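# Close look at the chain arrangement
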Amino acid sequence: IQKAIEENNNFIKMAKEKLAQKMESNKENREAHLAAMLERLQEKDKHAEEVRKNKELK
Amino acid sequence: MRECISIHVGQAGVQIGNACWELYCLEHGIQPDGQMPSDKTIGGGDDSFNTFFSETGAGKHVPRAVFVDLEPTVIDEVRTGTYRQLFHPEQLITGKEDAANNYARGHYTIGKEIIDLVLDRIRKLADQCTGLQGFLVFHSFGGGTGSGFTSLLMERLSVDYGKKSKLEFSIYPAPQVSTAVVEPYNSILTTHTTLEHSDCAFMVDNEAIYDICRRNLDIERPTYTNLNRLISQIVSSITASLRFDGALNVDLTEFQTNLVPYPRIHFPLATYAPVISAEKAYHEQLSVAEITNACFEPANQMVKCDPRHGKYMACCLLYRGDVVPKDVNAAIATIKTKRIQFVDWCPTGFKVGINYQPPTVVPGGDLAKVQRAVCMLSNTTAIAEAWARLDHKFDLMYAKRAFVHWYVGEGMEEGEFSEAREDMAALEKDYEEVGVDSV
Amino acid sequence: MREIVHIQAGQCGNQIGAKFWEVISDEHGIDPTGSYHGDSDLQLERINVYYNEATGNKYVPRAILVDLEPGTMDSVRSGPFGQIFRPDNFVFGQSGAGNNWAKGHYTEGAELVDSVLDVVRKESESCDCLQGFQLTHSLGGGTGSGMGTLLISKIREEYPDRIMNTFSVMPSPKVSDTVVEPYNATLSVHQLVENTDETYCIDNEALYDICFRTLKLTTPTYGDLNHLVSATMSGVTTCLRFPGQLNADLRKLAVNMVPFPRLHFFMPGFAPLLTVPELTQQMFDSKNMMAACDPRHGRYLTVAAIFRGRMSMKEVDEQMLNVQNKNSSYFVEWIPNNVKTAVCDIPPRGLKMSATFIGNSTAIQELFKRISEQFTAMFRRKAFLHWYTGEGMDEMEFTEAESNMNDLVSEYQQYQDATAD
Ligand SMILES: Nc1nc2c(ncn2[C@@H]2O[C@H](COP(=O)(O)OP(=O)(O)OP(=O)(O)O)[C@@H](O)[C@H]2O)c(=O)[nH]1
Ligand SMILES: Nc1nc2c(ncn2[C@@H]2O[C@H](COP(=O)(O)OP(=O)(O)O)[C@@H](O)[C@H]2O)c(=O)[nH]1
Ligand SMILES: [Ca+2]
Ligand SMILES: [Mg+2]
Ligand SMILES: [Mg+2]
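Residues numbered from 1 in each chain as written, not as in the entry; some residues may be left out. Chains lettered and ligands numbered in written order. Part of a larger assembly, values for the part shown. Heavy atoms only, no water.

Looking at the method and resolution fields of the entry, one finds X-ray crystallography and 2.5000 Å.

Let us now look at the pairing of strand β4 (residues 63-67) of chain C. All names here are of chain C. Taken across its five residues, β4 has five buried, putting it largely inside the fold. Going residue by residue along β4, you find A63, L65 and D67 tucked away on one face and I64 and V66 tucked away on the opposite face as well. Where β4 meets strand β5 (residues 90-92), three bridges bridge the pair, whose relative direction is parallel. Residue pairing for β5: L65 is matched across the bridge by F90. Running through helix α2 (residues 71-78), the crossover from β4 to the neighbouring parallel element β5 is right-handed. (Buried < 20%, exposed > 50% of the residue type's maximum accessible area, 1.4 Å probe, protein only. Helix = DSSP H or I, 4+ residues; strand = E, 2+ residues; numbered from the N terminus. Pairing = 2+ DSSP bridges. Right-handed = clockwise from strand over helix to strand, strands pointing away.)

A cluster of nonpolar side chains, contributed by B:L248, B:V324 and B:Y356, occupies part of the molecular surface with about 230 Å² of accessible area. Structurally, B:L248 can be placed in the loop between α8 (224-243) and α9 (252-259). (Patch = residues over 30% accessible without salt bridge, like charges linked within 9 Å, V, L, I, M, F, W, Y side chains within 5 Å. Areas by Shrake-Rupley, 256 points an atom, 1.4 Å probe, with all protein chains shown as cover. Salt bridge = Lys/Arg side-chain N within 4 Å of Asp/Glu carboxyl O.)

For the rest of this paragraph, the subject is the domain arrangement of chain B. Residue and element names in this part refer to chain B. The assigned domain composition of chain B is domain 1 (3-259) and domain 2 (269-385). Summarising the inter-unit geometry, the C-alpha centres of domain 1 and domain 2 are found 23 Å apart. Listed as interface residues are 38 residues of domain 1 and, on the opposing side, 39 residues of domain 2. Overall, the association of domain 1 and domain 2 removes approximately 3,400 Å² of surface from exposure, summing both partners, and the carbon and sulfur fraction of that is 64%. When the area that domain 1 buries against domain 2 is broken down by residue, the three leading residues are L248, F255 and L259, summing to 18%. (Domains from an automatic or database assignment. Contact = heavy atoms within 4.5 Å. Buried area = accessible area lost by both parts, 1.4 Å probe.)

To continue, consider the coordination of the calcium ion (ligand 3). Residue and element names in this part refer to chain B. Coordination of the calcium ion (ligand 3) by the protein comes from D39 (OD), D39 (OD), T41 (O), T41 (OG1), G44 (O), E55 (OE) and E55 (OE), over a distance range of 2.4 to 2.5 Å. Read from N- to C-terminus, the donor residues coordinating the calcium ion (ligand 3) fall into the pattern D-x1-T-x2-G-x10-E. Taking relative accessible area as the criterion, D39 reaches 7% and is therefore assigned buried. Classification of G44 by relative accessible area gives partly exposed; the value is 24%. (Donors = N, O, S within 2.8 Å, 3.2 Å for Na, K, Ca; no water.)

Residues and elements named next belong to chain B. Spatially, six strands are ordered β5-β4-β1-β6-β7-β8 in an open sheet, and the strand pairing comes out parallel. Whereas interior strands pair on both sides, the edge strands pair on one side only; in this sheet they are β5 (92-94) and β8 (200-205). On average, adjacent strands in this sheet sit at an angle of 15 degrees to one another, irrespective of strand direction. Here strand β1 (residues 4-9) runs beside strand β4 (residues 65-69); their pairing, made up of four bridges, is parallel. Residue pairing for β4: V9 is matched across the bridge by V68. In the packing of α8 onto the sheet, contacts are made with β1, β6 (134-140), β7 (165-172) and β8, and the angle to β7 comes to roughly 165 degrees. (Axes fitted to C-alpha atoms, helices over the stretch in contact; angles between N-to-C directions.)

Residue and element names in this part refer to chain C. Around ligand 2 lies a shell of 19 residues, among which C12, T143, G144, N204 and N226 are the nearest. In the environment of ligand 2, an oxygen atom lies 2.9 Å from a nitrogen or oxygen atom belonging to the side chain of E181. Here a nitrogen atom of ligand 2 and a side-chain polar atom of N226 are 2.6 Å apart. Computed on the free molecule, ligand 2 has an accessible area of 580 Å², of which 95% lies beneath the protein chains in the complex. Among the secondary structure elements, those contributing two or more residues to the shell around ligand 2 are α1 (10-27), α4 (143-158) and α7 (222-236). The element contributing the most residues to the shell around ligand 2 is α1, with four residues. Among the residues making up the shell around ligand 2, the classes are represented as six nonpolar, eleven polar and two charged. (Near = heavy atom within 4 Å. Polar contact = N/O pair within 3.5 Å; in protein donor to acceptor, adjacent residues only side chain to side chain. Nonpolar A, V, L, I, M, F, W, Y, C, P; charged D, E, K, R; others polar.)

Looking now at the packing of aromatic side chains. Enumeration according to the criterion identifies 50 aromatic pairs over all chains in this entry. On the basis of an interplanar angle of 70 degrees and a centroid distance of 5.0 Å, the ring pair of B:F67 and B:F87 is categorised as edge-to-face. Taken as a pair, B:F67 in strand β4 and B:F87 in the loop between α2 (73-80) and β5 lie far apart in primary sequence, 20 residues in all. Each member of the pair B:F67 and B:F87 is classed as buried. Aromatic side chains C:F20 and C:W21 sit 5.5 Å apart centroid to centroid with 65 degrees between the ring planes, which places their arrangement in the edge-to-face category. Taking the relative accessible area as the measure of exposure, C:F20 reaches 1% and is therefore buried. (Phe/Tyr/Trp six-rings, centres within 6.5 Å; stacked < 30°, edge-to-face > 60°.)

Moving on: the interface of chain B and chain C. Each partner contributes residues to the interface: chain B has 29 residues there, and chain C has 31 residues. Here chain B and chain C share an interface that buries about 2,700 Å² over both sides, 60% of which is from carbon and sulfur atoms. In terms of surface lost to chain C, no three residues of chain B exceed B:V181, B:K400 and B:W406, which account for 23% of the buried area on that side. For the pair chain B and chain C, the interface holds six salt bridges. C:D317 is the partner of B:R221 in a salt bridge, and the nearest nitrogen-oxygen pair spans 3.0 Å. The interface formed by chain B and chain C contains 15 residue pairs in polar contact. Put simply, the parts of the chain that give the side of chain B that touches chain C at least two residues each are α1 (10-28), α13 (384-398) and α14 (404-408) of chain B. Of the residues forming the side of chain B that touches chain C, the biggest block, three residues, is contributed by α13(B). When its residues are assigned to classes, the side of chain B that touches chain C shows 13 nonpolar, seven polar and nine charged.

This paragraph deals with the site of ligand 1. Close to ligand 1 lie 23 residues; B:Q15, B:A99, B:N101, B:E183 and B:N228 are nearest. Nearby residues around ligand 1 are contributed by chains B and C. The separation between an oxygen atom of ligand 1 and a polar main-chain atom of B:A99 is 2.8 Å. Within the side chain of B:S140, one N or O atom sits 3.0 Å away from an oxygen atom of ligand 1.

On to the packing of helix α10 (residues 276-283) of chain C against helix α11 (residues 313-326) of chain C, then. All names here are of chain C. Taken N-terminus to C-terminus, the directions of α10 and α11 make an angle of 40 degrees; their axes are 9 Å apart at the nearest point. Compared by their axis directions, α10 and α11 come out oblique. Classified by chirality, the crossing of α11 by α10 is right-handed. Along the contact surface, α10 presents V276, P277, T280 and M283, while α11 presents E315, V316, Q319, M320 and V323. Grouping the amino acids of the contact of α10 with α11 by side-chain chemistry returns six nonpolar, two polar and one charged. (Parallel < 35°, antiparallel > 145°, perpendicular 65-115°, else oblique. Left-handed = near helix turned anticlockwise from the far one by under 90°.)

So, on to the side chain of B:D391. Residues and elements named next belong to chain B. Within the element layout of this structure, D391 appears in helix α13. Using a relative accessible area of 0% as the deciding quantity, one classes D391 as buried. Here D391 is in contact with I188, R421, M424 and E428, once residues within four sequence places are set aside.

All names here are of chain B. Summarising burial for strand β11 (residues 351-355): four of the five residues are buried, a large majority. Inspection of the sheet shows strand β10 (residues 312-321) paired to β11 by five bridges, in the parallel sense. Residue pairing in the sheet places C316 in a bridge with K351 of β11.

With 14 residues of chain A at the contact, the number on the chain B side is 19 residues. Of the charged contacts in the structure, one is a salt bridge between B:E155 and A:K22, with a shortest N-O distance of 2.9 Å. There are nine residue pairs in polar contact connecting chain A and chain B. Residues belonging to the side of chain A that touches chain B are distributed by class as follows: five nonpolar, five polar and four charged.

With that settled, the discussion passes to the UniProt feature "binding site: GTP" in chain B. Taking the UniProt record as the reference, the feature "binding site: GTP" is found at B:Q11, B:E71, B:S140, B:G144, B:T145, B:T179, B:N206 and B:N228. Considering the C-alpha atoms alone, the annotated residues occupy 218 residues of sequence and remain spread out, their largest mutual distance being 22.6 Å. Checked against the element boundaries, B:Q11 lands in helix α1. Using a relative accessible area of 24% as the deciding quantity, one classes B:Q11 as partly exposed. Ignoring anything within four residues of it in the chain, the contact list for B:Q11 reads B:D69, B:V74, B:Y224 and C:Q245. In this structure, B:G144 sits in helix α5 (residues 144-161). Discounting residues that sit within four places of it in the chain, B:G144 has contacts with B:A99, B:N101, B:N102, B:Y103, B:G106, B:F149 and B:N186. (UniProt positions renumbered as here; feature names shortened; annotations may be inferred.)

Next up, the structure:
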């Protein structure tokens, strides 16, 4: 009966840890995906500032 | 004691839940306002129908059910429909933005925002139970909530309730009513994630139910309402041992012992008879022998596959209505000769149960009200054909990485696709190993 | 609950945008004063997708009218349904774009872009659950092509997790307004490839050939072309506006239609221009496509079919299976079940039954090859480049746009020649 208790608790523990691992890994990946999207849009804004500056120098 | 909590996830799960709970009320004489005049013990009791219904002091019989969807459209119809007074508002949980047929959105992006509320509401039902037996989770494979949120919920139920039993009713995708190209992806992902958290799963192939409505009920273009009323009859047959009592009644968990020889081999094939229109049932009573012989006709199966090309590891017959063992034994003896190959490590007997409560039909439906019905639950290697068809469609799209960006964009990795597919590959190999003769 | 914010920019965008609101207001039973005088509850069940509810049970379109000149927008306010738009949602300039993409994207349009974003946020902040945005514009002009692709980029910064849909009108020499149109189209495609989730290609060359050859119009006007656009836009948005379960919102449509993020340019189709077999056959014919591409010159990645009117769903199911079996060569094998069919009971105005076709076909490269050929025929001689370098651009940005659109065609060809085994 001690082995049955230990096996059930290990199942609960492994499941709780795998899920927290997945939810944390997923949170970082989605945030990294969104941070790369904004950085590309912000580099397009810097290129727009250089275009308007290049015209000012003409 | 022995209470059962039902959890209906996503559109398919919810709409099938509507069909099942309506059917249950008809079977137990419960009115749309929850009142049950035949129930004399007010406020509670230990009757067989209390495994599925709790009682309030005002005489209302409340389903032990939770309806969860990530959008409100489908559950709003429950909140305003015929049985709106049957459910307490806290049992109907909705979000605002669905999972867009994306497993990752149901398991992570959208589903993580409501999972704590759902588990809290499930806890409220469990606290009302004096001896909770387990959960019944109803969901589709193909939808983003049905697949993703169900996997997240099953994982969390294992944590919050240990090894307490969890049974699934899973809608396998069919192109005739499918709404998303990526349904093979969602199917493989949720099956891999739930496999170690589920004790027993009853797959319902929408194409098998579609063909049955077209062939046996003469419905030209079946709707979800056509499919769900048929699905609820099978669900009713499976749960009838929990909700009714009888001398010849065999508890579902006693069938489950025979149906699951190994933890991963837990997908019974269900077959139901008779499915017959009123026009054809008039002056044509189907005997115990006729409905039993229809259980071995592959066209009556809930999953398209050929058991004739597989091996049996278990065969359970669940009769309801006017059925006595003498007729059953006679009908079985006929079938054992005219039809059934077992694996060499399993006894060849048929496990029989009989609930004398006669079948019920929903008013305005297409099923005839018959005097006797039967659901066969068999464990056959042939059900692995349904995994093969689904795994083939997965491979076609994934070899080109088609649509995988919708999943990576929500935080998933390609490694989860390959890890899930390899689990299915091992599952197919497991179904082959159990069929090989011993040495 | 699931709201779409509509934006129309430039001359073409405001023109087809006004025609779009006139058609769907009629289908939803909305008069030019914003009141509901319909007869079916199916018209108001999903009315909040395109309409806000105001005081007096009024329905105000969730639309934002943008242009760098007041000429086109003044006629919208005076035309039919001109009083139904919110007066504050009119954002117009004075200088204009002069059919110059650089002017709409970098100089003139960037001075106005902030005042448009103020209206976008005001409409988005009151949304119960914003789906995303849809833009109507032309790619051959200046305001719709330049400031349109600019607005797309700026909105995607504040709403990166929302769907960006565009109804983009491709330029054609048969309806040519200027000569620098291949420059504006290539520069706009360069942006639409990166910052949109789904783009309907409304090709002017296809619209002209339909009016001339099929509709028998020797001198097609812009009003004749826009009648095809309104019927097409009404079709592709049917599943968004009426109760249903297939492609009922912008994201489920994208998930069904876009197997790879860059290949998100759809070929629209309409029929008729009458039985279910004939309606299905004409819907897959090249002469009914709103893009100048022969689908039998490529392969279908995904397809959305929409049938409208009272008909046999059993017959529609059989005819859609029939056309896929008899034409299986034109559907990629590595995407099973890539054709989805929706049925709506409410037909368009003046038809017993109609069909709308949304296709992601690799034959769309014929459209991008034509614009790339008109682009390289001018860029190799540096023609008209002073219109753009004068605003601050350089030849590098032109080459990058050319290379990106040529990569789009290569990618469409890659999946056309891909096999299952
Ligand atoms: N048998 C049956 N199948 C259904 C029903 N509703 C949807 N389906 C099937 O379920 C799959 C789609 O999943 P849904 O349940 O609609 O999706 P969902 O769980 O709500 O997830 P999202 O809407 O993407 O957030 C398709 O295979 C449909 O054919 C139903 O009422 N009965
Ligand atoms: N179908 C259609 N095309 C148009 C319409 N108006 C302009 N166009 C096309 O749009 C291009 C010119 O863009 P335009 O809208 O005038 O530039 P903008 O005002 O700066 O956005 C040309 O290639 C025309 O063919 C219209 O009402 N209908
Ligand atoms: Ca009681
Ligand atoms: Mg849903
Ligand atoms: Mg113009």
